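# Descriptive analysis of the structure
Below are the chains, spelled out letter by letter.
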Amino acid sequence: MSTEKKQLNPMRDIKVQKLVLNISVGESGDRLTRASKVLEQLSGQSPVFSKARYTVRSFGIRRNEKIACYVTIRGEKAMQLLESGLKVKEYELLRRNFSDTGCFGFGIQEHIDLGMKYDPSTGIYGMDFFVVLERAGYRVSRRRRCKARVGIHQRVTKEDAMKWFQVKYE
Amino acid sequence: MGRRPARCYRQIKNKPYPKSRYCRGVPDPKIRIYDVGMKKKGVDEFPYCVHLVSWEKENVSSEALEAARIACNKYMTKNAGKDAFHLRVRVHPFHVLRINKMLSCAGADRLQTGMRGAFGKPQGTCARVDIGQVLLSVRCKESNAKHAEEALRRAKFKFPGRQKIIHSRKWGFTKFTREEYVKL
Amino acid sequence: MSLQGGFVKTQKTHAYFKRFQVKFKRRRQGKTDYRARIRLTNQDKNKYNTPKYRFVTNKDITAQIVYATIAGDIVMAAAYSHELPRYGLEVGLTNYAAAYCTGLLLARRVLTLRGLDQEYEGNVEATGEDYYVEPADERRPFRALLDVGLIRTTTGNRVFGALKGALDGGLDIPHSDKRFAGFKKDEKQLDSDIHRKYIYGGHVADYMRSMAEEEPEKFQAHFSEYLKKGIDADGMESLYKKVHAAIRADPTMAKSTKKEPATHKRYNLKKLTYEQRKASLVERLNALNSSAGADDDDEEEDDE
Amino acid sequence: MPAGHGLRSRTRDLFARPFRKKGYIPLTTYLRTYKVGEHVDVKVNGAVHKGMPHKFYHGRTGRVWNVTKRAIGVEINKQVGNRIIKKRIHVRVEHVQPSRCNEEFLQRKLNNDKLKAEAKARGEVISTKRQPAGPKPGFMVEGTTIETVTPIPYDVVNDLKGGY
RNA sequence: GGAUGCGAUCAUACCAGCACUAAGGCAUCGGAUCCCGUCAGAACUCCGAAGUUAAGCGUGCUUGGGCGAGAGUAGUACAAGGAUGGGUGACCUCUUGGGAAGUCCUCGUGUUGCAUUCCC
RNA sequence: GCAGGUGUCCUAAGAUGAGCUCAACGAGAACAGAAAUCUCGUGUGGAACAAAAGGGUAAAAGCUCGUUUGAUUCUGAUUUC
RNA sequence: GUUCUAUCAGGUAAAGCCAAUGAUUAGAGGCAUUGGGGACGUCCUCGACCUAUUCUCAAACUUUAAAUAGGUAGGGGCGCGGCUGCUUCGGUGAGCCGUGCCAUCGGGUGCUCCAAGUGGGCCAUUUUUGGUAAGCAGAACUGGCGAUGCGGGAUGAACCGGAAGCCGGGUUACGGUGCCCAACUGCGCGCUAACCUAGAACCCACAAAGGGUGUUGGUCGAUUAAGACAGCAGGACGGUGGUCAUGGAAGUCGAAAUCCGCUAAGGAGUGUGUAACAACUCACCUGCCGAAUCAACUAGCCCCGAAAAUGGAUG
RNA sequence: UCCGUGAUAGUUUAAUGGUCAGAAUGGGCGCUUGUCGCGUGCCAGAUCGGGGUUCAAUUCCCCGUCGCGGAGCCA
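Our subject in this report is the structure included herewith. (Residues numbered from 1 in each chain as written, not as in the entry; some residues may be left out. Chains lettered and ligands numbered in written order. Part of a larger assembly, values for the part shown. Heavy atoms only, no water. Residues with missing side-chain atoms left out of burial classes, pairs and counts.)

## Regarding a nonpolar patch on the surface
Keep this limit in mind: Excluding any residue in a salt bridge, patches collect residues exceeding 30% relative accessible area, merging like charges within 9 Å and nonpolar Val, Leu, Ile, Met, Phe, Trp and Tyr side chains within 5 Å. All accessible-area figures derive from a Shrake-Rupley calculation using a 1.4 Å probe, and residue coverage is judged against the displayed protein chains alone. Definition used for salt bridges: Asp or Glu carboxyl oxygen within 4 Å of a side-chain nitrogen of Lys or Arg. A helix here means a DSSP run of H or I that spans at least four residues, while a strand means a run of E at least two residues long, and both kinds are numbered starting from the N terminus.
Judged by side-chain polarity, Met 1, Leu 3, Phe 7 and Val 8 of chain C come together as a nonpolar surface patch covering roughly 490 Å² of accessible area. Tracing the backbone shows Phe 7 of chain C in helix α1 (residues 7–10).

This is the structure we're talking about:
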């Protein structure tokens, strides 16, 4: 329903909902969740434990147990992450990783970034940095009481996404 | 095939069970193909339908559905070929015959004592072909109507419940052939 | 074509449907829970409704006293923080002191001593006080209970200040003190236990003295000056106004009013049928043409 | 197998609701409180799971006899068989519906008596109906309650149904 | 003529789409030292007006597919009572009191009770 | 007679309150297929409730979190039996 | 107890659930390997298999809406005054007591004591569930037998009439009126000739799928004195021994193809042929004859299918 | 035909508490030995067919094919 043709912006322009940096490997294969250390450094705040629910067929009977780790960041902290993260995968590159929904994600070792290797006791190769982009009004699908779906009208587009991010430092 | 004669199962008399997910061990259905002829067309080139309609509401045996069809089907191919018009058989074999099977010969037959006693191993199935239902529905083009008519006449000597041939029409073939070209 | 979203709804209609008539407009809007509603309503104590978030929020608050009847609920009194500057006050209408005073204003307004029928003894006013742990006479609460609505039991919080303004207002509302916004948390004086501060009117006072630029008109004591004017006794309002001209009106209302069906569906259908017979391509949603004349009918004639 | 009364056995209206009645019931039914001598249906909402009587009772109309906390006692009489007694049923107001028939009736009674007063100060119809009412001694009721609950232990249907 | 709170009727109250509570009778919105909270004010929440009408809340319309309700169009199924009524029979039938159904047209993209009460 | 369950298992698999709302599908994430995980959008009872069937319920009765002990003693009008 | 309200059996179209199985149109996207190509100084496209989604034809659980139908439920008021309650030293009614006032049936009927066979049924009708079925088994709802005469059904526990003190007379019910046997060899009309056939119901009275130019009857189409239908009789040259195919068609194994000159009529032919070659009839047309004909639907009865045991019957 | 009773690798035959399966022989590979054999190190199962219950079934139910035992009167 994209209504652009008016007299526009400041509510329309994109913002960062979140950056989630998530590891998926498992326990035992590298450790407890020790690339939490590496997350800890790159992002700047502590990652939180990922448990699983549902199926595996492959070892992974324990269910409730540590297997993964994540950092959902946002404000300045997400952006500050983007700046370092944004520059490492090369550019430019590419429409395919963007969804139509207007989010984009990439992989690489935590060791990419400025950072000491020396502090991370382990490095671990890859897992999604995910960037959630959205308009101001999101708060309607998010907030509890008066949830309303986000309309086609509101929802970010890959074109819109590429533009706002391509606007900045890549 | 191995005997039980169909009169016993002819009457619409007992409660209707066709439920496959509870009724375990249910054997092969038939007819092997229900609509016979083309299948590159639907009704188009065939501006005549002929039907066989039941006078008598009854349970018709699964093999009788094949037997009535096969006599009709050779008349179709032996007088109008492989990829001709299209016939449809339109009542199908819902009614699972459980019913006493496998008798023995002591002073037991009924093996446990005399009993017998449901959880019977299944024998076959019948179709409920009720009054005025269209058992066979055949779309044809007019010169070959008389060919479908002998084929329906051969069909009726091979099920129990008496039927009449009719050239079938809903909106004629003469409100269709107006209403078609009035809204284009 | 493909396509998602619509298609996974329009087929599974019957489900839809059910989703809109399981609950109605205040739940569809997402406003009122009908399990908290039932907890609080069954007894005839009235609902002491105090809204404050995704509603009226970050700007004003309201307290309403609601009873049941055959027609619908029925508010017996209400107070809005926007009426609170009438009694002199001009500092912020969303804060703890505003909420506190808005609850007194509803509570003073509900007795106000009404109707022939009266009631101001044993002992309304319980002053604009300062306060300690609820002094009543004293043991049984009735004719108001707190309907927090969507708003939380979050320990030491502004819904409780509204509740405290009810209590020091001559309403008696049920209580025990173990998540509550106690005494100084309006401001008042305080404090005890595992929860903390021992200031909160007087919030902003602590802040303001940590220097920086913000709102005009001073300081910590300006809570005290016009909490003190809201300690005075002075029922009741609202209001005197001139009524009302003719008619309705309004330029917004007008460029919206009124009706138009039938006729307008007939003008639009005429436009559609003329648009078809002058071209023939697609209809409205989504397909057909060869060659039509409205509506369900056209599709049946384009098969055979 | 002996017969019983599987208290939960055969239940499709008695617990299912139409498409139009599905989902949570609005709490106004849960809130509704009645006065003694109200005539109220018993007929469960199926979408409330507690406070229900034993399912056979549903579609009978009872008199509100007394109340205990939250649920109410409503008096009903069982039906069919032999010598059957009044029984009292404990039911919350979620399954108990006010009789509109009884309200309509109450109204139709007042209408009748507005006219009785008018037509006895300047009007004429009946005469004979004026002769009973005016005499009577009244009143309420429990002699005639025991009178009610002795022929509804019915007579000839009991012998008729007592063999076949 | 009506937006803002609490609700009744809970498939006439939808999915979808187009105008509007609004220069001092909202929500988006800004500060997050804070009570509160999170992993992370995003939610949550003390605080609060610079912007916005762009929404949400909700207001004028759109029946489009959905359906309540009804109008014609399918008296057809079905069934209660009764027949030395018919039929070899499964079965039918008259009489007595009753009678869904699909299509098309239609109405309908709310209604109602208490509030705060408002621009004209 | 058809169809199929209970003779266990549970101090949390109870209680309450705040706070949340699905299953699932598409789209996105180097590697992973079982791949969880992490995200977004759509999402009304199709999920979830130990256990048959069945029926029920969406700020819940379901989810999450803390706390708690009422699986306390004694009495019972009445329904089932 | 009809009328008011409730809500409910119930099972067809639709919805969720699910559907065997076969009959599928349009059209997006999965997967796999292979093949082909222009476009341009790889791309992109196409093809070989699967699934969305538009979606037709047919039963099956739940729900609509049942329609239904029986069920099945139900048929005093006011004021005054005291006292009370639950739920803010807070709002209210309700309860209670006291006192006054004002208001289509028709004994089908309540309570108590003490006693009985039981505490094993049957059948019919309706609705069923099992069972091939059964004078089966097992329920539901009812009427009867049991425990019910008398009259009809040849006889006959439960079908019909009918519920009975005894007797007398009258009239009837069911059912019947040729004789046996009271009472019609009744009236108007029509069908059947098989001794069909003398029969509601019955373990008891059989008769089917299917067939029948027997006969009657109803209807519709076409053909008719611009002469029909049938029969009998009579006319048909030439292209050219029709093109294919094949020992061979050549009218006449099989398969093109079916026109015309010359004509008033006159088809490249209807059945009979010899290994193959050998003739006759016939399409169409005409006469003779003179009146209805033919086609087709529908229906009745009858006929057929129709074989069993000591001796023939609808009593 | 009724009541009882079993089955696990090529073959004969152990075993469990619901989360874990063996042995011996036979056989497949080396070494003995001139060569085989005697002997000596090494190795290797859809627990009968079948469906169900459960967090997890070789193990707990139900059915069946086979192989067993034990009954079957008064004619």
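## Some details on the interface of chain D and chain C
Test applied: For this analysis, residues touch if any pair of their heavy atoms sits within 4.5 Å. We define buried area as the total accessible area lost by two parts upon association, computed with a 1.4 Å probe and summed across both. Polar contact is the term for a pair of N or O atoms within 3.5 Å; when the atoms are in protein, one must be able to donate a hydrogen and the other to accept it, and sequence-neighboring residues count only if both atoms are side-chain atoms. Amino acid classes used here: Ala, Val, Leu, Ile, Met, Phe, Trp, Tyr, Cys and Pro are nonpolar; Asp, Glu, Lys and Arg are charged; the rest, including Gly, are polar.
Counting from both sides, the interface comprises eight residues of chain D and, opposite them, ten residues of chain C. Both faces combined, the contact of chain D with chain C buries some 890 Å², and carbon together with sulfur accounts for 72% of it. Per-residue buried area on chain D facing chain C is highest for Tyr 24, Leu 27 and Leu 31 of chain D; these three make up 61% of the total on that side. On the surface where chain D and chain C come into contact, there are zero salt bridges. One can count zero residue pairs in polar contact joining chain D with chain C. Counted by class, the side of chain D that touches chain C contains five nonpolar, one polar and two charged residues.

## Remarks on the layout of surface pockets
Residue and element names in this part refer to chain B. Note the following rule: Grid spacing is 1 Å over the protein atoms alone, the probe is 1.4 Å, and a cavity is where that probe fits but cannot get out, while a pocket is an open set with protein on both sides within 12 Å along at least five of seven lines and lining residues have an atom within 4 Å of a point. Grid points are joined across faces, edges and corners, and a volume is the space filled by probe spheres set on the points.
Considered as a void within the structure, the second largest pocket measures approximately 720 Å³ in volume. Forming the walls of the second largest pocket are 22 residues, and the residues nearest its centre are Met 1, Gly 2, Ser 61, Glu 63 and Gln 123. Considered class by class, the residues forming the lining of the second largest pocket number nine nonpolar, seven polar and six charged.

## So, helix α2 (residues 62–80) of chain B
Residue and element names in this part refer to chain B. Here is the rule we go by: Expected span of a helix: the number of residues minus one, times 1.5 Å. Categorising residues by exposure relies on relative accessible area from a 1.4 Å probe, with only protein chains included: less than 20% of the type maximum marks a residue as buried, more than 50% marks it as exposed, and the intermediate range marks it as partly exposed.
Spanning 19 residues, α2 covers 27 Å between terminal C-alpha atoms, matching the ideal 27 Å at 1.5 Å per step. Taken together, the buried positions of α2 are occupied by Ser 62, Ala 64, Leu 65, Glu 66, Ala 68, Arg 69, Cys 72, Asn 73 and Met 76. Contacts made by the buried residues of α2 are with β1 (35–37), β3 (58–61), β4 (86–89), β6 (124–129), β7 (134–140) and α3 (145–155).

## Thoughts on the pairing of β4 of chain B
All names here are of chain B. Applied cut-off: DSSP calls a pair of strands paired once it identifies at least 2 bridges connecting them.
Inspection of the sheet shows β1 paired to β4 by three bridges, in the antiparallel sense. Within the sheet, the bridge partner assigned to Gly 37 lies in β4 and is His 86. As judged from the four bridges shared by β4 and β7, these two strands associate in the antiparallel manner. From the neighbouring strand, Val 89 faces β7, where its bridge partner is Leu 136.

## A few points about the nonpolar core
To keep things clear, this is the line we draw: Throughout, nonpolar core names a set of buried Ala, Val, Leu, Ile, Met, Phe, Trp, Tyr and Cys residues whose side chains join them through atoms within 4.5 Å.
Ranked by size, the top nonpolar core spans 29 residues in total, and within it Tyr 48, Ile 65, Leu 106, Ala 144, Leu 163, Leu 171 and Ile 173 of chain C carry the most contacts. Secondary structure elements with two or more residues in this core: β2 (62–67), β3 (74–80), α4 (96–111) and α5 (158–167) of chain C. Contacts of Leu 106 of chain C, omitting those with residues within four sequence positions, involve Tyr 48, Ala 63, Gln 64, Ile 65, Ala 77, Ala 78 and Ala 79 of chain C. Counting residues in hydrophobic clusters, the runner-up holds 26 residues, among them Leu 81, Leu 82, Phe 129 and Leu 133 of chain A.

## Notes on the packing of α2 of chain B against α3 of chain B
Residues and elements named next belong to chain B. This is how it is decided: The axes are straight lines fitted to the C-alpha atoms, using for helices just the contacting stretch, and the angles between their N-to-C directions are given from 0 to 180°. Should an angle fall under 35 degrees it is taken as roughly parallel, and over 145 as roughly antiparallel, whereas 65 to 115 is taken as roughly perpendicular and any remaining angle as oblique. Left-handed describes a crossing whose near helix is turned anticlockwise from the far helix through less than a right angle; right-handed describes the clockwise counterpart.
Two numbers describe how α2 lies on α3: the axes approach to 7 Å, and their chain directions differ by 155°. Taken together, α2 and α3 sit at an angle that is classed as roughly antiparallel. The crossing of α2 and α3 is right-handed. Two secondary-structure elements touch here, α2 through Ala 68, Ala 71, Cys 72, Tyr 75, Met 76, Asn 79 and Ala 80 and α3 through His 147, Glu 150, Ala 151, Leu 152, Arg 154 and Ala 155. Tallied by class, residues from the contact of α2 with α3 come to nine nonpolar, two polar and two charged.

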